[PDB]
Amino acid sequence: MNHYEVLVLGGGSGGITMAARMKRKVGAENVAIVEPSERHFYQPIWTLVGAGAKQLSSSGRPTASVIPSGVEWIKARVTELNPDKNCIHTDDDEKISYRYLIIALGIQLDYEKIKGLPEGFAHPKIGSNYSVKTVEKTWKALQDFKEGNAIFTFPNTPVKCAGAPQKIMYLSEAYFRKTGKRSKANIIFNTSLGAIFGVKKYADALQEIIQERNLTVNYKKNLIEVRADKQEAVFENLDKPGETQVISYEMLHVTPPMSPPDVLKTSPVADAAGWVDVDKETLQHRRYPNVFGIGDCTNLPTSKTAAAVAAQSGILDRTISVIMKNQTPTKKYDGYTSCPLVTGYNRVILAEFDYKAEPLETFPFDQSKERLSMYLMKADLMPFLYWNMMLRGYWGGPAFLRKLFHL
């Protein structure tokens, strides 16, 4: 069997980041990354790509160029995990064994669970900022919008970046005002959830925007079918099972249902729901002490964001070092995550909170306000920090900055 001291499953945000940090602990020759994609994407900027403010090409780089230098890139898909025997299977009919395993497989998009998708994306007026293949379609639907309903959805599953399905709604609204067709737009957000946002401070600031900008939100309403050729969409009322509703659209932004990666769903390392079952504070796996998890694929009960990955990578780095010398981990992840809620082409409400879903803000000012500074940070500084600091293993979240300020 091919064998690595440290095996990292997934070469996305958590996976590259954890590889860089482990390369410094055990040497690069002893780290490997299993990743099928030829290309590594900074997904947060896709919100702005779909609103025409950023280029798609700049959001990605060849996976080879972000593999930490000297680390083995195994270009393949994980097809099975066998933790009892400290190995995994790949779709190249190889098995790979490990001393330590870091699982960073992200979340899976399930567009096909919506009847009429993904074939419906072939038609005009419909897009999705969650896929490299549909994010520019969001922008063409917005550009081409003439008059009628502009509908944005939120599915009945866990998602990554829970703020993004409404970020694109606020940008669309601002685009209609800037181009003079706001009066011809009936803007609707049909969300499976019960509330605009999970934290009251930001929910409240967001509700104010909902009222001032004449947006409609229907709660407990899930998209179940798209008829793209007829520009109609079908939603179920999650509160009155069996009741559906058909509604035409001049533009539709689909946030797809999401789920754990298929290979984890039935794996021994998953919990009952298919997420990687790790300790909530140390990210060490609950039942296999040499397995760890980070990011979207875990069952960490906080928002699934890259800011969370950043904050988790700093904890996991310590956890693994403590475990490597048969000691009890002591530093504890707090559930830190962040949500740069783009409310316009020049504003962001920067939500930050922890496991108790209470504000944990970095800056000494009220981040519940729409801010130019926070927009520039998301649009311009965060991509640079990601490529040049987070992926090199030098970004574990802004806790030190927060304590630096409050001083």
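What we label the rigid core is the largest C-alpha set whose atoms superpose within 1.5 Å from one form to the other. In this text, residue numbers run from 1 along the sequence as written.
In terms of root mean square C-alpha deviation after superposing on the rigid core in 5 other deposited structures of this protein, the stretch standing farther out between 308 to 316 and 238 to 246 is 238 to 246. Between 89 to 97 and 129 to 137, it is 89 to 97 that carries the larger average Cα temperature factor according to the deposited entry. Comparing 113 to 121 with 269 to 277, the higher mean C-alpha B-factor in the PDB entry belongs to 113 to 121. Highest CA B-factor among the listed residues (262, 296, 225, 243): 243.
As recorded in the PDB entry, 179 shows the highest C-alpha B-factor of the residues 179, 255, 108, 337. For residue 175, the recorded CA temperature factor ranks within the highest third of the chain's modelled residues. Among all modelled residues in this chain, the alpha-carbon of residue 29 has a temperature factor (C-alpha) in the middle third. Residue 210 sits in the highest third of its chain by CA B factor, as recorded in the PDB entry. Ranked within its chain, residue 66 lands in the middle third, by CA B factor from the PDB record. When all modelled residues of the chain are sorted by CA temperature factor, residue 49 is found within the lowest third.
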